[PDB]
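Residue numbers (my numbering), protein chains in the order written: chain A, 24 to 263; chain B, 2 to 637.
Here it is, written out as structure tokens:
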């Protein structure tokens, strides 16, 4: 039974070869594709049967310019700063089959943060820098629970066990050592913290708050939005 | 050459200097709350003669703030590496000479580390005092750890013709090295070319205060202070960010040294910086693991407030780390989480992360089709790396697929051009292939065929490194055990091996062998005609009328007739040999092309103006036994 093969050479560089045995191998590859295909539906159903949590979180650096410049002592002043996006969402539904108890999670979140950093570094040895950090976060979604029992239905929505930050305007600095990353505590002088909350419901309140230090009148300190850990936040606060 | 104006010392003197400096990065608005570090060293300047100096450092204590007193006084402690730190410094001594007082040429001993050398260079630049002048405005061109400089020189106090107080100052936006030193970045971040704008947002200027001895010219003390300020993050453009370098050198004593000999380390180097990696201690990797665990925990904790942040700090640490440590650690990280490791890798613009993708691919147990696809895709990327080659070798061993091996051979050629060094990788793969072939080349026909032809893809390298493999190739060619297919593949493996006298001899032996197969004989004949010799051609032409396999005779005679027919420039030289071989013989008359192997060839020569003639050569190969209605074989 004839045996044959062929190949392609460019500049004398063989570019792969074709064989009848290769055709038979491809036939078995198609058979194996079928073999893999057959069991997929049961597997995919199996996870729904048991349930699980599904998480889909990109974390992408849209903006970043890093570099370094030397120093007179011979050390290296790292300099860099980035803008990043983490637009993912939490998901994953668990079904208690034959118990008819459905648990559902869906809460996409937004993490619009920014950092700038400068660092004098001693390669393989040590570092010293400061990190300029502006922050914007959001999340929203639903926590739902539905169960059918003995002809008695009930749709359950667990209440927030913590404030729901619609918006979060935050700015922070840090002192970072080779072995540590340390925040810089805010000044207590003119440490303005306030909150205004309105009732969406008797147990839930729409809250507007701002915590900051008003050091504008103090020299060497940037004005009230800056020079310290400054938070302007918009939240729904569960009263508990 | 040591100008006397540059004398800032006295010969036969050792000047022991205490080095004390600190770098303190903090915000002035909050009482200069800063990340500060305290370095303290004993330095031993040695001057057997003018401009021929020896430098012994010792008693280097590396302390850093771990806390602040309520009044703001820091709390310094020695670090873990401060001991290896002092050991690294003390275990070398430096020898240097500065011709003319402005030309610096370091001669270190036993290849001191680049960063240690650079710290030393900064210390020297602090030490270097310009030649004395009576001009207060003096500004000139000077080298430094930071490249060249326009540095201003103003004498603050002068006694007689000798200056006692001097200030050395230069703006740091004018010296050669203000170009932002490149760094690895998010290869996916689309922002570009914005680096220069920021430098505008940078402020910096240097000033050194010097106390000099009018008697022996020596520097009593040196104060060098540098302040860097950043403009943004500042209301009124003066509440920004402040940095400062403050290093001081104190002359504890000046022992006089009975010495007149100066050394010059083999490695000759200048005062300028030499590129260095953002190296980090091996320990920190474990922190990376703690961090990844933390993120995995937090998603369960349902908090995402700072996850991207921690990711950034991590990949920062990542860029602080090294290659081999990463790959060794690599499997554990995947064990934690695959997709997050992917986010890191893709956002990781470091070469190792790209190299490590292959390893990931084998970890995730990728389907062979995609494995080979990506294998070839990467293999064509220029400038291969020895590491990358080791990964390619490992993958070729693991899959042993056609595309993997072809990609490996092409990358082998690429790196061979990249690095003429016969590194140990070449030897390891050469040994592995020798195992895959042996001397008999016995094995799976497809497998051994592919092995032979892929080896031919790197024939020249094999010649350079392993002659025994070439000998085994000749053995297999003359071996009867391998199939004619394997034998032919062995013949064509000589593609990059350019048959030599002995290769030509073996080819002639197997070709003129009358019992040798007609197809095998024709293949050997063709490879022998690649670069034949007049004596060889004479012998073959003599044997031609008596050759067996009439189809062989017709093919060979047609080939010779075409060679004579050819006019091409190289074939002009070849026809000289052909004629030298035709004196005492006549060719069998070339009959038949539908039932006998026949040779046809055409050339297309065009005279390009202002360029050499371009000739396209066409070879029509027909293989027919007298029982083949259609060509048994044929190559275009």
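Even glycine gets a Cβ: it sits at the ideal position worked out from N, Cα and C.
Checklist entry - Hey, is residue 93/A's beta-carbon within less than 8 Å of any beta-carbon in chain B? => result yes
Checklist entry - So, residue 85/A versus residue 190/B, is the Cβ gap smaller than 8 Å? => result yes
Item to check | Members of the stretch 142 to 174 of chain A that neighbour chain B once the beta carbon cut-off is set at 9 Å | outcome: 142, 143, 144, 145, 146, 147, 148, 149, 150, 151, 152, 153, 154, 155, 156, 158, 160, 162
Checklist entry - Span of the beta strand (DSSP E) holding residue 48/B? => result 34 to 50
Checklist entry - Counting contacts by CB-CB distance shorter than 8 Å, is residue 123/B in contact with chain A? => result yes
Item to check | Own chain residues within Cβ distance below 6 Å of residue 168/A, not counting five before or after | outcome: 126, 179
Item to check | Start and end residues, beta strand (DSSP E) containing residue 152/A | outcome: 149 to 162
Checklist entry - Residue ranges of each alpha helix (DSSP H) run of no fewer than 4 residues wholly in the stretch 275 to 336 of chain B, ordered along the chain? => result 285 to 302, 308 to 321
Checklist entry - Is it buried or exposed for residue 1/B, if we count other Cβ within 10 angstroms and need 16 for buried? => result Nothing about residue 1/B can be read from this structure; chain B reaches only from 2 to 637.
Checklist entry - the stretch 217 to 238 of chain B: which residues have C-beta closer than 9 Å to a C-beta of chain A, in chain order? => result 225, 227, 229, 231, 233, 234, 235, 236, 237
Checklist entry - Taking DSSP as the reference, what is the three-state secondary structure of residue 147/B? => result coil
Item to check | Contact set between residue 146/B and chain A, taken where Cβ atoms lie within less than 9 Å | outcome: 93, 94, 95, 96, 97
Item to check | Where residue 204/A meets chain D, residues with beta-carbon distance less than 9 Å | outcome: The chain labelled as chain D is not found among the protein chains of the depicted structure, namely A and B.
Checklist entry - Are residue 210/A and residue 170/A close, meaning C-beta to C-beta below 8 Å? => result no
Next on the checklist: Quick check: what's the CA-CA separation for residue 33/B versus residue 236/B?
Outcome noted: 17 Å
Item to check | is_contact[residue 180/A, chain B] using C-beta, thresh 8 Å | outcome: no
Checklist entry - Under a Cβ-count criterion, where at least 16 other Cβ atoms within 10 Å of its own Cβ denotes burial, should residue 185/A be classed as buried or exposed? => result exposed
Item to check | Same chain, Cβ closer than 7 Å to residue 96/A, neighbours up to 5 away in sequence not counted | outcome: none
Checklist entry - To which residues of the same chain is residue 483/B closer than 8 Å at the C-beta, ignoring the five residues directly before and after it? => result 441, 442, 443, 449, 477, 491
Next on the checklist: I'd like to know if residue 86/B contacts chain A, where contact means its C-beta is closer than 8 Å to some C-beta of that chain.
Outcome noted: yes
Next on the checklist: Classify residue 489/B: buried if its beta carbon has 16 or more other beta carbons within 10 angstroms, exposed otherwise.
Outcome noted: buried
Checklist entry - Hey, is the stretch 150 to 170 of chain A in contact with the stretch 130 to 140 of chain A, meaning 3+ C-beta pairs nearer than 8 Å? => result yes
Checklist entry - What residues of chain A sit near residue 65/B, judged by a beta carbon separation below 9 Å? => result 149, 151, 200, 201
Item to check | Cross-chain neighbours of residue 249/A in chain B, by beta carbon under 9 Å | outcome: 30, 234, 235, 236, 240
Checklist entry - Starting from residue 73/B and walking both ways along the alpha helix (DSSP H), at which residues does that stretch end? => result Run containing residue 73/B: none; DSSP gives neither H nor E here.
Checklist entry - According to DSSP, which residues form a beta bridge with residue 376/B? => result Residue 376/B is not bridged to any residue.
Next on the checklist: I need the straight-line Cα distance from residue 70/B to residue 207/A, nearest angstrom please.
Outcome noted: 15 Å
Item to check | Residues of its chain near residue 430/B, where Cβ-Cβ distance is below 7 Å and the 5 sequence neighbours each way are ignored | outcome: 394
Checklist entry - Name the chain B residues whose beta carbon is nearer than 7 Å to that of residue 266/A? => result No information on residue 266/A is available, as it lies outside the stretch 24 to 263 that chain A covers here.
Next on the checklist: Using a Cβ distance threshold of 8 Å, determine whether the stretch 201 to 221 of chain B contacts the stretch 162 to 173 of chain B, with at least three qualifying pairs required.
Outcome noted: yes
Item to check | Beta-carbon proximity check, residue 555/B vs residue 593/B, cutoff 8 Å | outcome: yes
Checklist entry - Name the chain A residues that come within less than 8 Å of residue 308/B, Cβ to Cβ? => result 80, 82, 109, 134
Checklist entry - Counting along the chain, where does the beta strand (DSSP E) carrying residue 137/A start and finish? => result 124 to 145
Checklist entry - Based on Cα-Cα distance, which residue from 169/B, 109/B, 527/B lies nearest to residue 137/B? => result 169/B
Item to check | Environment of residue 496/B [buried if 16+ CB atoms lie within 10 Å] | outcome: buried
Item to check | Under 8 Å by beta carbon: chain A residues contacting residue 274/B | outcome: 93, 97
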